[PDB]
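So the structure is just underneath, and the comments pick up after that.
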Amino acid sequence: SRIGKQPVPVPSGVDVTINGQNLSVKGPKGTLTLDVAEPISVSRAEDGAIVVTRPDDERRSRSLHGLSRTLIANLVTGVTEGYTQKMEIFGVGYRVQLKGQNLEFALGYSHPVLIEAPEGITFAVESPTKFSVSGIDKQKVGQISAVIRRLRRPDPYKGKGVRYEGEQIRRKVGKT
Amino acid sequence: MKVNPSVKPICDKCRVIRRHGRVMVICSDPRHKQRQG
Amino acid sequence: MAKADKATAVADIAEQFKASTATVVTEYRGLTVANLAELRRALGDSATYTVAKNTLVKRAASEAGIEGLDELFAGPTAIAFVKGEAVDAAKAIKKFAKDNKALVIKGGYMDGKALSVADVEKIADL
Amino acid sequence: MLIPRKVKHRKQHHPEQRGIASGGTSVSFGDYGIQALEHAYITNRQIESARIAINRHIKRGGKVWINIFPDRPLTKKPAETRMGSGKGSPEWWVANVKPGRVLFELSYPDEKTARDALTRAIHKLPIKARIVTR
Amino acid sequence: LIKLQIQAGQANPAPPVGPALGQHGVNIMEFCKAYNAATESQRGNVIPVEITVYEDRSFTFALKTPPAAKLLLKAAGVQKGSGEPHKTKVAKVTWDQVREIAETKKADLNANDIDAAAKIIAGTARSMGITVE
Amino acid sequence: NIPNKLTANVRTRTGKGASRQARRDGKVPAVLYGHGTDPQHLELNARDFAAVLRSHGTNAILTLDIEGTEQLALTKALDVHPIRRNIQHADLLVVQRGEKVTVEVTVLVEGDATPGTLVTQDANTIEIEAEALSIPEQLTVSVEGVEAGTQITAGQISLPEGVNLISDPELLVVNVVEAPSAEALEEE
Amino acid sequence: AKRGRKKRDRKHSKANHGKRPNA
RNA sequence: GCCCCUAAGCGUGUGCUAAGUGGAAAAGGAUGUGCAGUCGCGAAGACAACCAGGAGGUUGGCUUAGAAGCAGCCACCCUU
RNA sequence: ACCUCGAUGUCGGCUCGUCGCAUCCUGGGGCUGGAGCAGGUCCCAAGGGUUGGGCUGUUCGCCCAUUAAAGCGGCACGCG
Ligand SMILES: [Mg+2]
Ligand SMILES: [Mg+2]
Ligand SMILES: [Mg+2]
Ligand SMILES: [Mg+2]
């Protein structure tokens, strides 16, 4: 509600095409599509911005308004700037490397693990223990980051594992 | 993950949400994770 | 704000005026949040700075013999008052006007004699 | 545990529980009282448990009034005997409580604390009840 | 940053300041000498050091004023305070001694004049279970 | 000491049946017997009556507009309900426009005794006599610095001008006693 | 147990007026 | 009783139901939802969000190898 | 004591199985006063397995070797 009632500032170099409930956006980073909820109506204001409107104030519409608004906001923001999640590793003997387009991690396992970069996403590395994923779909980027994080079991006694950029995990202490 | 018919917040910054079909409480302290059942 | 806040702020400013050697009023409307650091952070230690609404300064200024400042409350009011020596605070407020060119000066009060923008400058330099 | 010092009749006929409490409805001594809503017997064991819980939750101060005293006896037949014999001996004492009657009252000054104590007490009773203020 | 009430004539007390500041990485050898050379002048008044941590692990102990709570002990003559406030007394203190301790504590208390400087110690004595006469 | 206005319509049918029928729609019956006068069965709004009560109730005075006929009455009892809290039936008596009346009034303690002491209000009501409008809605008793066992009776309460106490002056209204210890609490 | 529970609960139906034989 | 079996209405006006509750059940737990009755605040800019602060006496004594604001009781204060 | 005394043969052991998980293991997950092995607690999970002997009719129980296991119950305290 408080968010859905606000407009969506569309940048200059963006082409927004509304087709009923469906919507598509084209920008420098790529092209994305989306489908808005049926009880909500999307409209392109005279200033190019996008606005979602609800005909009633029921719980369904009140919950879907801000959801769809933030969805279209992230959609239009990705094509222009894209999302990038940086991650770092901690623990002696842990290493990560970029092989072609996939990633290879060695985190103490008897064998190394491989993660194949799916479509619409890319990986990069700045240090043997510091890498970063990039993409357009925030959902896909977050899913890939969560997978790379849960790769290893969460070890609080020593923090050995994967961590996000500004991650702050709890740490216990072993007296012996 | 305590599983009892009754659940209440033991932490200080806890929210009680309603999941798919069960209630839950959320706080950083993993010892306070409770589910109704 | 709440009525409890309105009632506690007036008492706070009364305590400020009764425990401080002097107080200078300025206009702080026009600054963002990021300024408040280079603001209070380095001033609240030795000096002190407070801000409130106009409706509270009228009730707070009716305690001491500063009735002459009734007509000097035009616009928002932000009060500054030192805990020790006032010459440093006076010099700071005087140089801030020429550094920012946005803090309008109106005057102050000394020994019950209200000073204007020209009278306060005769003592700010000494 | 409370118990009558002496009774005129050793055995009774299960005093009926019905109607609405005629007397002892409004709090008189304390400031915050517990008023029941379901008619059912209350045992001296439950009364003592609630009293101990209240005394433990309220330390170094406060006072508690108990407007109910267990005086109605209730027998318990032999362990595994057959049906038909002299009525068993009284085995536990209860007090017929009707809805609307206050059972316990508190004088602890801090509201929140008195309410929490009354909650911990009612949680020890076998019937539903609520809190009332003077 | 932390301020403890460590005795003046004593040197290297482990319980109070053993792991308090030593764990932060500040040495104690030169600290003992710097404390003794400054406390040998008085030899009769406790001095609380305001431990100020630094980035380069340096240390410049702040020679603050003595503590009012402990100076109340010397004013009353007994080292162990009372057990209950406004219920028991230990001894009587003189207004001249109160003004003297206030003057010595001028550089620590938030007071402005001798009146408030002594009234703060009077309130401390009230909270501890002692009154000024 | 300002009368509170309220409307009321003469009831056309009495009995438990009519009473329940009126209560179902948010109304309350009442009687206006008065002083040796012909009683009148009236019906008032439950919400308005409850509002007036929670505002200045507990024997408050009232003004009845019975078909345009003004009357000044005073309440004698409520008897809301054993379980619930609703005005099931009220009773009113005409005040004769200034006649001296005796009625119960609620007392309240406002103060703070010594730290190691607890206060107990043994009686909440006091029999006070006064005019129709001068009837005080509440009485206040203060406590400060008193020691244990300082029994404050009804006679020690300060009453406004024109007010009188009908109950004997020996009624112990407030009793302060040393803070009961854990042993005193567990030996009850 | 369940058999008797169901036999007693099926009496609550609004088609028999809340009465049935053998409880 | 009126959708099929199963003869009769997939009858009409206003509301509730997301759980197949309808088509078993308790103590207790619970930011589910609709109505009405109250109270705090709120364009004098309400709450969340954001940002700066969050001391001196003092480590209040008692208690303690030990309470410093945060195992325990007492009161629960003055300055800025 | 509601059918059953003009008959429903009662406990163990052998053969034979069937079904539930309030799960002994195998499988997965949460919290641990989980440094690791080895443990404690909870949730889901019955596809599979759940030994051979001495005492005593025995059920049960103790003991000897092991075993990831030597599980709890219903089926007329299963099966004449
Ligand atoms: Mg036959
Ligand atoms: Mg299971
Ligand atoms: Mg299978
Ligand atoms: Mg054998």
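Let's test the formula: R0 of 45 Å, r as the Cβ-Cβ distance of B:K33 and A:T31. What FRET efficiency results, to the nearest 0.05?
Values: r = 42 Å, r/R0 = 0.93.
For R0 = 45 Å, the calculated efficiency reads 0.60.
FRET efficiency for the C:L115 to D:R130 pair, using the beta carbon distance and R₀ = 56 Å, is estimated at 0.25. Taking 18 Å as the cut-off, the amide N atoms of the stretch D:86-125 that come nearer than this to a point 7 Å along the Cα-to-beta-carbon line of D:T75 belong to D:86-94. 3J(HN,Hα) couplings calculated from phi for the stretch A:150-162 with the Karplus curve 6.51 cos²θ - 1.76 cosθ + 1.60 (θ = phi - 60°) are, in sequence order, 6, 2, 10, 5, x, 10, x, 4, 10, x, 5, x, 9 Hz; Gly and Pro show x.
Computed from Cα atoms, the angle from the helix E:29-39 axis to the main principal axis of chain E rounds to 30 degrees. For F:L172, project a label point 7 Å along Cα to C-beta. Then give me every residue of the stretch F:91-123 with its amide nitrogen under 12 Å of that point. It comes to F:120-123, nothing else. Across chain C, the longest piece that holds none of the GluC sites (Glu not before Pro) lying in DSSP loops with up to 16 other C-beta atoms within 10 Å covers C:86-126.
Before anything else, pin down the relative contact order of the stretch A:84-164: Cα pairs under 8 Å, at least 6 apart, normalised by residue count, whole percent.
Working: 140 pairs, mean separation 29.1, N = 81.
Normalised by residue count, the contact order of the stretch A:84-164 is 36 percent.
Computed from the alpha carbon atoms alone, the convex hull of the stretch E:65-133 holds 71 Å³ per residue. When the convex hull of its Cα atoms is viewed from all sides, the stretch A:1-117 shows a mean projected area of 10.8 nm². The stretch C:1-61 gives an Rg/Rh value of 0.97, both radii derived from C-alpha positions and Rh following Kirkwood. Spin-label model, E:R57/A:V147: points 7 Å from Cα along the beta carbon direction are separated by 4.7 nm. Residues whose amide H falls under 5 Å from that of F:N4, counting only those 5 or more places apart or on a different chain, are F:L62, F:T63, with hydrogens built in the peptide plane. Loop-located GluC sites (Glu not before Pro) in the stretch F:69-131 (DSSP state other than H, G, I, E, B) with a sparse environment of at most 14 neighbouring Cβ atoms within 10 Å: F:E99, F:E110. Would you mind getting me the FRET efficiency between D:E48 and F:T150? Use the beta-carbon distance for r and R0 = 35 Å, nearest 0.05. Working from the Cβ atoms, E equals 0.60. Any idea what angle helix A:59-80 forms with the longest principal axis of chain A, computed on alpha-carbon atoms, 0 to 90 degrees, nearest 10? With rounding to tens, the tilt is 70 degrees.
Within the straight-line cut-off of under 30 Å between alpha carbons, the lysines reachable from D:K63 are B:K8, D:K6, D:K98, D:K112, D:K124, D:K128, E:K87, sequence neighbours fewer than 8 places apart in one chain being disregarded. Over what distance in Å are the Cα centres of the stretch A:58-97 and the stretch E:34-58 separated? Going from one Cα centre to the other spans 54 Å. Based on the reciprocal of the average 1/r between different C-alpha atoms, the Kirkwood radius for the stretch A:84-164 equals 12.8 Å. Placing a label point 7 Å from the Cα of F:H35 along the Cα-to-Cβ line, the residues of the stretch F:129-143 whose backbone N sits under 13 Å from it are F:130-133.
When you restrict to C-alpha pairs under 8 Å that are six or more residues apart and normalise by the size of chain C, the relative contact order lands at 33 percent. Taking θ as phi - 60° and the Karplus parameters 6.51, -1.76 and 1.60, the scalar couplings of the stretch E:52-63 work out to 10, 6, 10, 7, 7, 6, 6, 7, 10, 4, 8, 7 Hz in sequence order, x denoting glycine and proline.
When the alpha-carbon atoms of chain F are used, the pair Rg, Dmax equals 20.4, 65 angstrom.
Take the Cα of D:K8, step 7 Å toward its Cβ, do the same at C:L36, and the gap between the two points is 7.7 nm.
Placing pseudo-labels 7 Å out from each Cα toward the beta carbon at A:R62 and E:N36 gives an inter-label distance of 7.5 nm. Under the combined filter of DSSP loop state and at most 14 neighbouring Cβ atoms within 10 Å, the stretch A:82-176 retains these chymotrypsin sites (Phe, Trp or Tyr not before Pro): A:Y109, A:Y157. Under 5 Å from the amide H of A:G161 lie the amide H atoms of A:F90, each residue being 5 or more positions distant or on a separate chain, with H modelled from the backbone and absent for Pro and chain starts. With only Cα atoms counted, the stretch F:10-61 has Rg and Dmax values of 12.2, 32 Å. Shown in residue order for the stretch C:47-64 are the 3J(HN,Hα) couplings computed by the Karplus curve 6.51 cos²θ - 1.76 cosθ + 1.60 at θ = phi - 60°: 9, 8, 9, 9, 9, 7, 8, 6, 5, 8, 5, 5, 6, 7, 7, 9, 9, 8 Hz (x for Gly and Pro). Using the alpha-carbon centroid of each, what span in Å lies between the stretch F:81-95 and the stretch A:141-176? Rounded to whole Å, the Cα centres lie 67 Å apart.
When N is the residue count of the stretch A:15-83, what does its C-alpha Rg come to as a fraction of 2.2 N^0.38 Å?
Against the compact-globule rule of thumb, the ratio is 1.11.
Where Rh is the Kirkwood radius over the Cα pairs of the protein assembly as shown, the temperature 25 °C and the viscosity 0.890 mPa s, what D in µm²/s does Stokes-Einstein return?
Details: Rh = 38.0 Å.
D, rounded to a whole number, is 65 µm²/s.
Under 5 Å from the amide H of E:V49 lie the amide H atoms of E:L4, E:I6, each residue being 5 or more positions distant or on a separate chain, with H modelled from the backbone and absent for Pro and chain starts. Within the stretch A:17-93, the GluC sites (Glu not before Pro) that combine a DSSP coil assignment with at most 15 other C-beta atoms in a 10 angstrom radius are A:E46, A:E58, A:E81.
Methodologically, a virtual Cβ is constructed for each residue, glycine included, from the backbone with ideal geometry; neighbour enumeration extends over all protein chains shown. Values in this text are rule-based calculations from the coordinates and carry no lab data.
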